[PDB]
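Heads up, the thing below is written out as structure tokens.
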2 protein chains.
Amino acid sequence: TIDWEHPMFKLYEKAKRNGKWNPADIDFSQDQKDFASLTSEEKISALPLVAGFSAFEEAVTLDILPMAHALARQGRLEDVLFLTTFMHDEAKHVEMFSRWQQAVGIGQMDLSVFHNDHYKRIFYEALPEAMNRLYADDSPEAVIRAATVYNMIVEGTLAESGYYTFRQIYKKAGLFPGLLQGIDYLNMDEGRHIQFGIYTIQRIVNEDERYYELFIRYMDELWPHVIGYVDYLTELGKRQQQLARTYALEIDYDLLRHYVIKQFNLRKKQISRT
Amino acid sequence: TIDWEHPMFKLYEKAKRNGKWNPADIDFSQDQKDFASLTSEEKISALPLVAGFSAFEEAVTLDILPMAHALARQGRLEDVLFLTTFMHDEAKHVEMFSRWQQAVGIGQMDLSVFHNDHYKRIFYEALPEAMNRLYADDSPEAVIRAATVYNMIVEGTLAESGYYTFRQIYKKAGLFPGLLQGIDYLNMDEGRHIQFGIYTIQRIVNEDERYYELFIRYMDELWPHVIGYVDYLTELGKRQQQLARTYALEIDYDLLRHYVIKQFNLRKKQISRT
Ligand SMILES: CCCCCCCCCCCCCCCC(=O)O
Ligand SMILES: CCCCCCCCCCCCCCCC(=O)O
Ligand SMILES: [Fe+3]
Ligand SMILES: [Fe+3]
Ligand SMILES: [Mn+2]
Ligand SMILES: [Mn+2]
Ligand SMILES: [Mn+3]
Ligand SMILES: [Mn+3]
């Protein structure tokens with residue numbers, strides 16, 4: 001049979017229990033009114049963060065497939081069962097942001113303008129290259145690098161900080177309750193995605209403590225582009241402060257920044273050398 | 001955004017609405033008692049069909065990944081969203097049969113003995129070869145052949161006939177209520193899997209009516225192994241008739257056989273030349 005005690009079978013079971021939410025059930029009618037109420041300058045304030053998320057949700061939905069292939073080819077059946085929940089979660093994440101964009105009237109609008117160079121180095125290179133590599137090279141090194149970029153950086157550092165940022169800004173304002181319900185569901189799903197990456201990296205590290213060094217190195221290789229995108233969104237936020245003024249939000253970009261730094265270092269600390 | 005009117009987006013929505021069942025919730029306690037109550041010769045009667053299903057559930061969970069890859073690479077986002085529900089359904093199908101095997105005490109038992117040559121030509125060759133081909137060859141021909149073997153033959157002909165057979169035999173007997181609840185859920189999921197294959201084959205046929213001929217040809221190429229496995233299970237059933245006698249089941253293998261023939265021909269008729 002299945003190995004019922006396998007950590008990824010247990011995570012698969014939790015995913016089924018905790019993954020019933022449906023983006024089609026979220027009421028976005030108030031978000032539509034909120035967005036319509038905003039000034040043109042308040043309207044822009046929110047779009048860079050939605051742009052960063054929308055694109056990556058689509059990217060990881062497509063880019064997790066090579067990991068499922070590689071682990072399937074290695075006969076890791078429980079990992080594959082769990083990854084069917086991962087891929088389905090990401091599909092719902094694509095759906096959720098696309099429903100919000102449609103509801104508030106920006107579906108026809110092209111948000112790529114808010115992807116700078118550092119973003120693109122992660123989104124159009126580091127991520128798809130590392131995942132696609134697994135189709136021809138499933139070595140421990142390749143699998144660690146894939147989980148590091150996908151689960152520890154894209155999800156474990158950027159997404160987690162993006163969820164926090166969303167709450168720090170719009171939950172305060174009382175704005176966009178449907179989007180924030182969605183963000184709460186995404187954040188719950190993301191816990192399991194990150195735990196998959198931790199388990200995958202740890203079980204490879206457990207074979208040969210020298211893989212720990214590779215993990216730390218790949219995290220550090222990506223940090224410059226993490227902070228460079230974060231700096232660029234900070235610059236944007238500081239230059240368009242009408243939403244912050246209108247809604248009495250002292251948006252503390254220094255606290256966000258230290259949260260990103262904090263996310264990055266705590267992901268490192270969830271991998272043990274021994 | 002997503003194309004909200006796309007047939008596969010609509011199928012994805014139905015999958016979310018109709019795909020909440022969880023194999024971990026099925027009570028198999030009575031199945032355990034039923035199986036324990038059976039004579040050794042009654043015990044064997046049921047295993048060939050469970051053997052055919054268990055293996056194929058695992059095969060399609062792994063073997064649907066190349067289709068998702070190929071359609072993703074073609075930018076068919078709605079198809080991919082739907083296929084996340086397909087892959088997750090098949091994961092639950094693997095789980096369901098493995099839970100039943102565990103509960104009734106045959107988890108440690110090796111059921112490969114009930115796969116004959118015709119089965120293996122589908123299971124170990126036609127199916128994985130046709131699906132894996134999509135990694136390097138996503139031509140209309142390759143995509144039609146993949147959906148024909150997977151969705152129209154393995155699911156649309158063999159699985160559908162296997163669900164019917166399960167009901168024709170054990171629903172009658174009053175045996176194995178947990179397994180039959182599972183079979184009802186599998187059969188509901190399978191409707192969407194088959195509709196994916198119909199849509200995929202039809203939209204390729206729509207481009208060039210000559211692909212219709214390829215579809216019919218591939219169906220006919222596989223028919224000999226479909227019926228050869230069906231004949232071999234019929235032979236098995238006729239040689240071990242203690243369960244049929246004990247439970248007053250006049251198991252009409254000729255009616256099953258014509259149901260298989262019927263499944264095969266109606267799958268053909270769900271593809272239009274024009
Ligand atoms: C303004 C302070 C910066 C806060 C950091 C914001 C990061 C934006 C979101 C981009 C990453 C989204 C990744 C999603 C990945 C997934 O869905 O698994
Ligand atoms: C005794 C009459 C013959 C009845 C035919 C029985 C076929 C047995 C089941 C084997 C095919 C299972 C395919 C599952 C595919 C899927 O889960 O999508
Ligand atoms: Fe994720
Ligand atoms: Fe199926
Ligand atoms: Mn820079
Ligand atoms: Mn023969
Ligand atoms: Mn996501
Ligand atoms: Mn199935």
Side-chain angles (χ1 to χ4, degrees), chain A residues 8 11-12 14-15 18-19 21-23 26 49-68 79 82-101 114-128 130-131 146-166 179-201 221-236 257 260 263 267 270, chain B residues 2 77 80-81 84 88:
Chain A
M8 290 306 97
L11 197 62
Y12 161 79
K14 288 168 179 74
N18 297 344
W21 75 282
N22 187 339
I26 297 176
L49 195 68
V50 175
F53 263 104
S54 256
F56 260 127
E57 305 296 352
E58 191 175 338
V60 306
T61 302
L62 311 180
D63 290 344
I64 195 60
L65 288 166
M67 177 68 75
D79 293 30
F82 167 66
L83 284 164
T84 71
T85 76
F86 194 138
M87 291 179 294
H88 183 59
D89 292 346
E90 301 297 358
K92 296 193 294 180
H93 300 174
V94 170
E95 179 191 351
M96 191 281 296
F97 281 111
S98 201
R99 283 186 182 277
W100 185 82
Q101 283 190 228
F114 300 116
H115 302 157
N116 77 331
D117 53 320
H118 285 286
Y119 184 94
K120 296 174 151 175
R121 176 53 203 169
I122 300 177
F123 179 97
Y124 302 81
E125 290 170 58
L127 177 63
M131 304 314 297
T148 301
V149 188
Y150 198 120
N151 304 114
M152 301 305 268
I153 292 289
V154 165
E155 296 176 314
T157 302
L158 287 165
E160 278 298 325
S161 306
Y163 301 140
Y164 184 76
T165 295
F166 267 121
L179 177 58
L180 281 172
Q181 185 171 42
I183 291 300
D184 280 341
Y185 290 135
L186 270 52
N187 201 161
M188 266 183 64
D189 294 337
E190 199 77 83
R192 302 187 297 274
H193 304 182
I194 293 162
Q195 289 182 70
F196 168 81
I198 287 164
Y199 165 83
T200 294
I201 293 164
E221 277 179 54
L222 294 154
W223 173 258
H225 305 283
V226 171
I227 197 69
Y229 175 62
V230 167
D231 290 343
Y232 155 92
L233 291 178
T234 290
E235 168 207 327
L236 268 178
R257 191 204 171 84
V260 173
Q263 284 303 307
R267 292 305 151 217
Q270 290 180 286
Chain B
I2 285 159
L77 181 61
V80 172
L81 304 181
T84 71
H88 183 59

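In what follows, every chain begins at residue 1, and chains take the letters A, B, ... in the order their sequences are listed. Hydrogens, waters and symmetry mates are skipped; everything else that's a heavy atom, side chains included, is used. Counting convention: from 1, in listed order, for ligands and their atoms alike.
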- Query: A:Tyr229 and ring pair (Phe, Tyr, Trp, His ring centres under 6.0 Å): which partner among A:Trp223, A:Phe114, A:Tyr119?
  - Reply: A:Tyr119

- Item | Closest approach to the Fe ion (ligand 3) by A:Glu190, given as the N, O or S atom name | OE2

- Closest non-hydrogen atom pair, A:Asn18 against A:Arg192: CB-NH1, 3.7 Å

- Message: Using only atom types and a distance under 3.5 Å, with no angle test, would you say the side chain of A:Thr157 pairs donor to acceptor with the backbone of A:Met152?
- Response: yes

- What's the atom name of the N, O or S in A:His193 nearest to the Fe ion (ligand 3)? ND1

- Query: Looking at A:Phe196 versus A:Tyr12, is the centre-to-centre ring distance below 6.0 Å?
  - Reply: no

- Task: Over all heavy atoms of both residues, which pair between A:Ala59 and A:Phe123 is shortest? Give the atoms and the distance, please.
- Result: CB-CE1, 3.6 Å

- Item | Nearest to the Fe ion (ligand 3) - the N/O/S atom of A:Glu155, by atom name | OE2

- Contacts of the Mn ion (ligand 7) with protein N/O/S atoms, counting only those under 2.8 Å: A:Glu57 OE1, A:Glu90 OE1, A:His93 ND1

- Note on the structure: Answer key: the N, O or S atom of A:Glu90 nearest to the Fe ion (ligand 3) is OE2

- Task: Quick one: closest heavy-atom pair of A:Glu221 and A:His225, and the distance?
- Result: O-CD2, 4.1 Å

- Message: Consider side-chain hydrogen bond (donor to acceptor under 3.5 Å, both in side chains). Of A:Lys92, A:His88, A:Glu90, which one does B:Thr84 pass it with?
- Response: A:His88

- Query: By side chain to side chain donor-acceptor pair (under 3.5 Å), which residues pair with A:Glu160, not counting sequence neighbours?
  - Reply: A:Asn187

